[PDB]
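Next up, structure tokens for two forms of one chain, structure 1 and then structure 2.
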Structure 1
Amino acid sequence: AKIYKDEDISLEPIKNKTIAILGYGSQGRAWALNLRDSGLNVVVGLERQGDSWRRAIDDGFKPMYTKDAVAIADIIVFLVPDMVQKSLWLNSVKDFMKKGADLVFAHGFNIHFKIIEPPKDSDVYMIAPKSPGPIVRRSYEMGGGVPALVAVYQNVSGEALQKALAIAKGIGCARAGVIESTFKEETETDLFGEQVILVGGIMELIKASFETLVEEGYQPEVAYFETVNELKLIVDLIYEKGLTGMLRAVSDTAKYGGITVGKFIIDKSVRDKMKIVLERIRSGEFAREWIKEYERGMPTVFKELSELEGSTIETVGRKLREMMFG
């Protein structure tokens, strides 16, 4: 892979460009302030004079409406939630943006699945950190950063990647490491990780483990203690010292258990289903279903949150977290 650090990257490509950050939720704030603190020219563009507008004022910005911001911008950054970007594009960007302004994303989804079709004469690129806004901001203020991907969809200027890298540097990501990718790769791999491990997989692995124990008649409190509680320690080990360093740190009994049973539980049949999930991302099926579900108000997401909240694992979880923290 092509890996860039702060030493590898010049800010000069985006010096004396007006950067319009569209949105001022936690991600937009973080990038806006980091960029401003890095000495760049930042404007904040918003649709409504509401919460986010007032926050931006409190942070010493003078926000403008999107239509105005994009009109003077050389670089326009979409940092509103992905599922709202098409409406912002159509309502307040496409027909207002400075001609030839760069279009910049933090996820490849809308461009990759052709939800937005950009002008032919704009550079289109991405800087994709994988950390919540507050961490992007605090790491930067401490002199560090979080790692990111960079990608380019359209290189009209000749210099798109260098501009993307400059933005990555300006928000602090190059202090940690920037990995070059593509919009296709970031989008497909991002969605796949969410679904099979980061959110879906771990969640249901936890539920299925806990529920196994509870069905067999063990105390739910114990089952939670023996399946959820210690997960933070494990995943901390992995994050710091890899799977090997994790296995070295646990007891001999745990090492043997894990090494012998892991591949029995997560076996070929799981791997085959992982291929299917990936296929449905790659084909565009997932994106289509998700559009439709979002546009209906996410009723599936909300129903399942509600069901989850009232489940044994969550009510037991709540009680014990209460205890561990009267």
Structure 2
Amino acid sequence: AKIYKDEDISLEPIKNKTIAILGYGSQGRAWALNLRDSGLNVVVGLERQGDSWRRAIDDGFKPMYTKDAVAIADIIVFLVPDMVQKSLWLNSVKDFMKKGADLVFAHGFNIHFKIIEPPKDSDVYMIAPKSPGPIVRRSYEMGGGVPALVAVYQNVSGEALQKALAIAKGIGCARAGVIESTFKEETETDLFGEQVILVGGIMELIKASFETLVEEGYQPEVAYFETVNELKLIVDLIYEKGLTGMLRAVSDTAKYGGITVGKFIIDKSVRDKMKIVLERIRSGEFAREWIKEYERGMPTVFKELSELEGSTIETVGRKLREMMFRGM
């Protein structure tokens, strides 16, 4: 597949266009900052004069209410939570946007699961960074970037994909590599990844590892160094040199232990569970369940955050990180 880099993409398609960034959270702050640094014309649109509005002011923007931002926008980017996008659309975008403005997403959930039906005369496209928001900004500030997918749902203009690629360049992603995908592929692979590995799987693997050692009477600080802190060091090797480069760096003891236990921990049953997860994403069932959970108040989310924040792994970790990270 073509991997696009800076040299493959022009910013010209989105120059002299007003880009309204709707929201100023994890992705929103990063896009708005990186696009402004890249010399594009950004306005921040917000529903509330609260925390993110204050943050935008502190970063040197003059935020607008959504309705006012969209009225002047040539490109509108939905960087509020997925579960909020429908109501934002209906209340502050649909009737306020310029006719023919581009509608742009960072995840394909709302378009792919037919939550929002866009106007037929708007380009509709996506840039989905394969990264958490704060690292979309950090990478960019450090002169790098993160990979992204681009995708097009409607190409009225004849240059939707070029626009998508230009925004990806503007937020740094073409420093790393951008691949063309579809709204279906992106939504299904993004949901799957964060569910089974990037959030779900790694967090539960960490917590189960750490808690096994602490339950068995080992020093919790040892546990944290072994099952949390070292993970970053190992994953850095994978990131640079693959699983092969990581495995060559670790002891033969660890190679034998890992190769045999890994397959014991992550066995055919876990593989079957990944296929079930993927199925429930592809059928729309996950999206149905998420919508219902949000409409209940997201208690699963809030309950987990409160229990986690005060749990042993996090209190021992905060203490140790403060000690480790004092610096020179």
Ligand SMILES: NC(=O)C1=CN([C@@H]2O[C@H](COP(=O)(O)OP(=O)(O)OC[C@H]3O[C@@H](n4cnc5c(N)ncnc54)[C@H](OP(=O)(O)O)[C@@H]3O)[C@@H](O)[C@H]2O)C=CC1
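Whichever C-alpha set is largest while still superposing within 1.5 Å between the two forms counts as the rigid core. FYI, numbering is relative to structure 1, first residue = 1.
Structure 1, not structure 2, is the form solved without the named molecule. Here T260 counts as shifted, since its C-alpha moves by at least 2 Å between structures 1 and 2 after the core is aligned. Core-superposed comparison between structures 1 and 2: CA of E12 displaced by less than 2 Å.
A two-part rigid motion is described between structures 1 and 2, in which the smaller part turns by 15 degrees against the larger.
Relative to the superposed rigid core, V196 shifts its CA by 1.8 Å between structures 1 and 2. With the core fitted, the CA of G217 sits 8.5 Å away from its counterpart between structures 1 and 2. Once the core of the two forms is superposed, the Cα of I57 has moved 2.1 Å between structures 1 and 2.
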